[PDB]
Amino acid sequence: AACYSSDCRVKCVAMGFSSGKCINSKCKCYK
């Protein structure tokens, strides 16, 4: 799917993670 850095981060954060980044077009969350 399409990954937008800001969108990925906000979705990751909304879910309880600390941040999110797009890696090769895939949203990855971090905590």
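Visitor: Explain the state of the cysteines to me, and be specific about the residues and the numbers.
Guide: Scanning the model with the defined rule gives 3 disulfides in all. Note that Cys8 is cross-linked by a disulfide to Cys27, the S-S spacing being 2.0 Å. Measuring handedness by torsion sign, the sulfur bridge of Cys8 and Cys27 sits at about 85° and is right-handed. A residue pair is termed long-range when its members are at least 10 positions apart, and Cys8 in helix α1 (residues 5-14) and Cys27 in strand β2 (residues 26-30) qualify at 19 residues. We classify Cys8 as buried; its relative accessible area is 1%. Between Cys12 and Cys29 runs a disulfide, and the two sulfur atoms are separated by 2.0 Å. Linking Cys12 and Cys29, the disulfide has an S-S dihedral of approximately -80° and is accordingly described as left-handed. Pair noted here: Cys12 is in helix α1 and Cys29 is in strand β2, with a separation of 17 residues, a long-range link. A relative accessible area of 1% means that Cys12 is categorised as buried.

So, how was this worked out
- Residues numbered from 1 in each chain as written, not as in the entry; some residues may be left out.
- Heavy atoms only, no water.
- Disulfide = S-S within 2.5 Å.
- Helix = DSSP H or I, 4+ residues; strand = E, 2+ residues; numbered from the N terminus.
- Buried < 20%, exposed > 50% of the residue type's maximum accessible area, 1.4 Å probe, protein only.

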